[PDB]
Every structure is written in C-alpha cells, then in structure tokens.
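Presented below is the structure to which this report refers.
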Amino acid sequence: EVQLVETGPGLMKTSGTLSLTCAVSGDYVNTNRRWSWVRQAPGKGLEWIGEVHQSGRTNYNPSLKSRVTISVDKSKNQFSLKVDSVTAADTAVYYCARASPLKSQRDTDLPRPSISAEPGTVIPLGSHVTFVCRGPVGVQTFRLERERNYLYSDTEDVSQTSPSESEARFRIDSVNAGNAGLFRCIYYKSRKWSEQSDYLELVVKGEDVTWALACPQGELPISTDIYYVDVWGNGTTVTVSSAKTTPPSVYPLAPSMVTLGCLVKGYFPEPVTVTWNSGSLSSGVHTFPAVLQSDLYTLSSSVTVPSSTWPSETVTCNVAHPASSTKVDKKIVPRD
Amino acid sequence: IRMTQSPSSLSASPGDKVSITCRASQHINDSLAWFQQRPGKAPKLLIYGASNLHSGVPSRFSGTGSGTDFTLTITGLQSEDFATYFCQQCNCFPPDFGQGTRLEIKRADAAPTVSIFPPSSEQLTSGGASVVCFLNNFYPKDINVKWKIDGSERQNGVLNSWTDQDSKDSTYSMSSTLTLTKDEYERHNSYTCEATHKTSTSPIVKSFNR
Ligand SMILES: *[C@@H]1O[C@H](CO)[C@@H](O)[C@H](O)[C@H]1NC(C)=O
C-alpha cells in the first residue's frame, strides 16, 4: 500500500524558514501524479498550499505564493516544502498528499486518450511548448491535431511509462500567434483508431502591459485529466512562536456530586498531560483545549466525584510537561 | 472560485438519512470531490467526479450534482459517520476547499453544570488572581457566559475554551477564566458567573463572596 510520511520540526522561530519533507512508499514520485501540500490551523478548515508536477512545474495558492517553494527528489522518492518569513498565522498541522487523474472505468480496450501541455497552456511569444498524448500500453501511432486549420502530426516514437499506460510528445520550439488554438490527441492501436480526446486551449501571450484574456483569466487548465487527492499523510503539527521553554504553574480549584479542578498556567510549548489519582479517576474528567495567554499556554481540567468520597479522600491532579521534563502533583483541599 | 457548504452544523441520530449541500460561485461541471475527516484524524477521499465512489467507501455514501449545486447523501448513519465533510473544486487553479459541515449526534437537551472557583492561596501569594468557571455537559452546543464583579458586567481579561462533542455521552463543555491582579481582586466582594442556554429562560447564576 501507498504511504506518505511527513518529517520536520515541531517548533519554528518567528520570521524563520520552515522545512518539511514527504517520504513516499509503495509508489514512485517520477509518475503522472501531482505531489501536494495542505495545512489546517488549530480550529480552522483545510487550506490548499501548493503542488509539483512530473515536469518539475509548481503551482501555489495565491494567498501566499511568494513565501512558498515545493521541490522533488526522484532519487530519494521524496518531495519537500519550504516556508519563508513565518508568523503566528502559519501555525497548523501540515499534510503531504498525492493527486491522481482518477477514472470511473467506462472503457478498457481503446480508452479515450488524454492531452497535456508542458510547461503550460499560456506560453510567451517565441518560447517553446510540448504536448504529451497519453493512452493505453501498445499504441503504434499517436496523432496531434489543430482545430482552426485542421492540421495533424503523426508519431511512432511511443514509449511505455507504467504497466497500463503509453505516451508520445510533440514539441513546438518557438510559438507564434498562428500556433495558438485548440489541440487534441487520437491514437492508432490494433487496426483501430480511438475516440478523440477533449480539446485543450493554447494561448500565446503578447509582450506588452496591455495584454489580457471555462476557468478564470489565465487560470486555463494544462490537462484534459482532472487530478484528485486520493492519498493523505497522517500530518505533522508545526508551531510558530518566538517564546522560550517554560514549565507550568499548577493551581488547585476548590468549590450528591462535586466538581474539582486544576489550573495549568504559563507554559511553552503544548502539550501537557493531566491525570487524576494517577489515572484511577477517569470517567468524569474534562480537560479543556489550551488558550494563548500572551505567547504562553493556559488550560484547565475538571473532575466530577461523589460527595461521599471528598473531602474524606484525597483528590490529586498529576500534571506532566514532557518538553521541560517536569511532573507535578497538587492535592485539592477544601475552603470555608 | 468560492465553494459554499451548508449548513455549518447538522444534528442527526444513527439510522437516519441526511443530506449536505455544496455550491460553487461559477459552473464547474462535475469536477467536485468529497472528503471525510473524523476528530483527531487525517482526511479521506469519499467521492470524486461529483458522483463516483472511491474504492472501498460504503454504498450509503452517494454524491450528486452538476454545474453549481452539489449534494452528499448518507442513508442509515453509523457512529463512524459523525465527522466533518469538505467539498473541493478541482477544475480551476487554486483547487479550493469548502469551509466544511460538521455532522454531530442529536441527543436529548441537557442543562449545564455550573461551578465557580476563587483564586488559590498559592496563586494569590505570588501576585496573581484567576477566577475559573466550568459550564459542563450541556446539549446543544449554543451557550452564553457572563461575568459580574459586584453586580457590574466585566469583559476585559476573560479567556474562554470549548471542548468538542464528547465521544461518550455526546455533550459539550466550556471553561471561562477571569484573570486579574491580587491587588485588583482584593478590591471587590461579589464574583458571579452567568450561563444562558436553550434549556432555560432565566440564566444559571453561580456566585462567591470575598
Ligand atoms: C496513520 O494513522 C492510522 C490511524 O488509523 C494508523 O493506522 C497508521 O499506522 C498511522 N501511521 C502511518 C505511518 O500511516
């Protein structure tokens, strides 16, 4: 089975550069996949960070693109993420993921081919572009075709890339206005021609400030295939703070059933482990999520016991802070 | 392209048939995926291409839609189905997620158990004074907390904390802390913690003097 493992720090100093790596198992990174990163703040939803394509091409969420760098190392079967000038706002659980061109199996003998463009579909004047036609294994000829002038180009330079797929590449060294248009793929296999692929628009952008354009402006697709995240890593929690290691201050909380508690104030960093009577009391406990009290953490933990057991028997809260290597016990004594 | 999921929260019980909506700001054909996220866990792909079930997902999960409106239907709910659900557009860059819909367990209404605690003698003999209040095991989620010092409302120095739906009794809990100096705390007598919740017209008041 396919596994993705995140690696990196837990803590990152404010205005620093966060560095994460994803180790891929049961697959090859050098395949038709989009190796991606997603992040989730402590109480928020999911935010798409960016992705890296087989061609080495990168796409990043505009919200934060300037601070983003996604790379891939085929030799080590891994991909990485670097984040510059990190602030408290960059606090989250970071996930590495695999995006795949999933297909509901409709055809098996001659499946409908796919058309892609590298580096993209919006090419500057005079620059190059390559179309990649994808089909099943055993194709003898691939054909690229133009809509407006209905010109075509055939190739027998076919190469197997996976146990199920095969491909051909068509390069235009220097694009002009008359090269822009709609392009498709069709292949010949076993005395038969396939169904033609979907069209893919190629635009050649002008060399001036005034140049401007079913996706948004310039947000033209680069493939007829839709990529979907089908595998997620379990995630790595990253905390961005200029704070120092600080052990907690443990304060007791005294008032048929009775609720007692403990206040765990001013520590850095999360987590803390709170137990009651060394785990013997567990059925009625509530430990609350920590809040940020001026760059230090604070939490409370409540315990509910019968009135017959307290103050007649001792109730103690056990507070452990692994980071500072501290382990404290606090007895709950009554008030008048 | 903005994705708008509705409702933000839905309450149901096991065995029930439910439906979640996802709306796109522009036509996106059938290029929509559904993800499932259980508390404490990593996401999981359920549905791709609006209507296609990913390999190994139960037939209870059904996805439907084209263009701008997309629906997720779970018929005959099981305990493991109470989770957060996100929809995602995958046609245009950036392929942005919806804000999520949390599916929670609809249990019987339950009032909060309110407890107030004065500063500890150890915290005080160090210059600090935190007044802690607990609002435990209440249903539904919607609750309002208020602090009163000598009959006067107080908002400054108040820090609140909410637990997720309890995995055992399906209730919710909340902790509110009013923090001040030993000097400031020693100038007043009456400290109140007031809880307003669906289960009562009159708020629950818990006080201490000195
Ligand atoms: C990921 O989380 C699941 C929890 O269901 C666990 O089974 C798995 O071992 C974890 N670790 C890895 C490396 O996937």
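We name chains A, B, ... following the order of the structure tokens; residues begin at 1 in each chain, and ligands are numbered from 1 as shown.
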
| query | Which residues in range 6-205 of chain B does DSSP call helix (DSSP H, G or I)? List them as a PyMOL selection string. | reply | chain B and resi 79-81+121-124+182-185

Residues at most 8 Å from residue 181 in chain A, counting only C-alpha atoms, excluding those fewer than 6 positions away in the same chain, as a VMD selection string? chain A and resid 146 to 148 201 to 203

Can you pull out the residues contacting residue 193 in chain A? Cut-off 12 Å, using only C-alpha atoms, and skip same-chain residues under 6 positions away; I want them as a list in words. residues 109, 110, 111, 112, 113, 135, 139, 140, 141, 142, 143, 185, 186 and 187 of chain A

For the residues selected in the previous step, produce a file with N, CA and C atoms as an mmCIF file, in the first residue's frame.
data_model
loop_
_atom_site.group_PDB
_atom_site.id
_atom_site.type_symbol
_atom_site.label_atom_id
_atom_site.label_comp_id
_atom_site.auth_asym_id
_atom_site.auth_seq_id
_atom_site.Cartn_x
_atom_site.Cartn_y
_atom_site.Cartn_z
ATOM 1 N N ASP A 109 -10.548 -1.558 -23.679
ATOM 2 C CA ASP A 109 -9.768 -1.939 -24.869
ATOM 3 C C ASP A 109 -9.046 -0.703 -25.450
ATOM 4 N N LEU A 110 -9.823 0.245 -26.008
ATOM 5 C CA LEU A 110 -9.311 1.503 -26.536
ATOM 6 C C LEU A 110 -9.858 2.641 -25.642
ATOM 7 N N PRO A 111 -9.285 2.920 -24.440
ATOM 8 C CA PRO A 111 -9.834 4.026 -23.626
ATOM 9 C C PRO A 111 -9.531 5.379 -24.259
ATOM 10 N N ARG A 112 -10.417 6.375 -24.043
ATOM 11 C CA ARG A 112 -10.269 7.731 -24.607
ATOM 12 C C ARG A 112 -8.915 8.347 -24.199
ATOM 13 N N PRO A 113 -8.048 8.786 -25.152
ATOM 14 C CA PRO A 113 -6.752 9.380 -24.759
ATOM 15 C C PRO A 113 -6.831 10.704 -23.976
ATOM 16 N N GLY A 135 -2.169 7.381 -23.600
ATOM 17 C CA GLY A 135 -3.099 6.332 -23.979
ATOM 18 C C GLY A 135 -2.739 5.005 -23.340
ATOM 19 N N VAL A 139 0.221 1.193 -28.100
ATOM 20 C CA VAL A 139 -0.167 2.133 -29.141
ATOM 21 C C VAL A 139 0.953 2.106 -30.191
ATOM 22 N N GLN A 140 0.612 2.058 -31.492
ATOM 23 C CA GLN A 140 1.655 2.081 -32.517
ATOM 24 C C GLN A 140 1.884 3.509 -33.060
ATOM 25 N N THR A 141 0.810 4.341 -33.108
ATOM 26 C CA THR A 141 0.857 5.718 -33.613
ATOM 27 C C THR A 141 -0.026 6.675 -32.793
ATOM 28 N N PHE A 142 0.511 7.867 -32.447
ATOM 29 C CA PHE A 142 -0.224 8.944 -31.759
ATOM 30 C C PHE A 142 -0.352 10.121 -32.728
ATOM 31 N N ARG A 143 -1.519 10.769 -32.759
ATOM 32 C CA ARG A 143 -1.756 11.918 -33.630
ATOM 33 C C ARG A 143 -2.180 13.120 -32.840
ATOM 34 N N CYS A 185 -5.689 14.773 -29.162
ATOM 35 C CA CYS A 185 -4.924 13.530 -29.308
ATOM 36 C C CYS A 185 -5.866 12.417 -29.765
ATOM 37 N N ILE A 186 -5.349 11.565 -30.631
ATOM 38 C CA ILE A 186 -6.030 10.370 -31.111
ATOM 39 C C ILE A 186 -4.941 9.349 -31.347
ATOM 40 N N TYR A 187 -5.201 8.071 -31.046
ATOM 41 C CA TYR A 187 -4.178 7.062 -31.278
ATOM 42 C C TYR A 187 -4.674 5.878 -32.130
#

*Kindly determine which residues of chain B lie within 6 Å of chain A, considering only C-alpha atoms, and give the answer as a ChimeraX atom specification.*
/B:42,45,92-94,99,117,163

For the residues selected in the previous step, produce a file with N, CA and C atoms as an mmCIF file, in the first residue's frame.
data_model
loop_
_atom_site.group_PDB
_atom_site.id
_atom_site.type_symbol
_atom_site.label_atom_id
_atom_site.label_comp_id
_atom_site.auth_asym_id
_atom_site.auth_seq_id
_atom_site.Cartn_x
_atom_site.Cartn_y
_atom_site.Cartn_z
ATOM 1 N N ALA B 42 -6.635 12.376 9.952
ATOM 2 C CA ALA B 42 -6.277 12.933 8.626
ATOM 3 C C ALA B 42 -7.462 12.801 7.663
ATOM 4 N N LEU B 45 -10.664 10.616 1.073
ATOM 5 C CA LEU B 45 -11.450 10.790 -0.164
ATOM 6 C C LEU B 45 -12.631 9.831 -0.162
ATOM 7 N N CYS B 92 -10.314 24.389 -11.638
ATOM 8 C CA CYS B 92 -9.509 25.607 -11.745
ATOM 9 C C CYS B 92 -8.503 25.791 -10.655
ATOM 10 N N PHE B 93 -7.395 26.455 -10.983
ATOM 11 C CA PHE B 93 -6.361 26.799 -10.020
ATOM 12 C C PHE B 93 -6.750 28.097 -9.258
ATOM 13 N N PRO B 94 -6.639 28.175 -7.915
ATOM 14 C CA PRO B 94 -6.282 27.097 -6.984
ATOM 15 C C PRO B 94 -7.477 26.175 -6.731
ATOM 16 N N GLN B 99 -15.811 25.347 3.364
ATOM 17 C CA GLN B 99 -15.460 25.578 4.782
ATOM 18 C C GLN B 99 -15.855 24.404 5.726
ATOM 19 N N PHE B 117 -14.844 28.858 40.983
ATOM 20 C CA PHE B 117 -13.702 28.665 41.870
ATOM 21 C C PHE B 117 -12.905 29.946 42.069
ATOM 22 N N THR B 163 -14.696 22.427 24.464
ATOM 23 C CA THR B 163 -14.368 21.051 24.068
ATOM 24 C C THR B 163 -15.194 20.677 22.823
#

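Across the model, the gap from CA of residue 124 in chain A to CA of residue 154 in chain A is 25.6 Å.
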
Worksheet item: Once you count only C-alpha atoms and all ligand atoms, which residues end up within 12 Å of ligand 1, and could you hand them over as JSON, numbers by chain?
Response: {"A": [1, 2, 3, 4, 5, 6, 7, 22, 23, 24, 25, 95, 96, 231, 232, 233, 234, 235, 236], "B": [37, 38, 39, 40, 41, 42, 43, 44]}
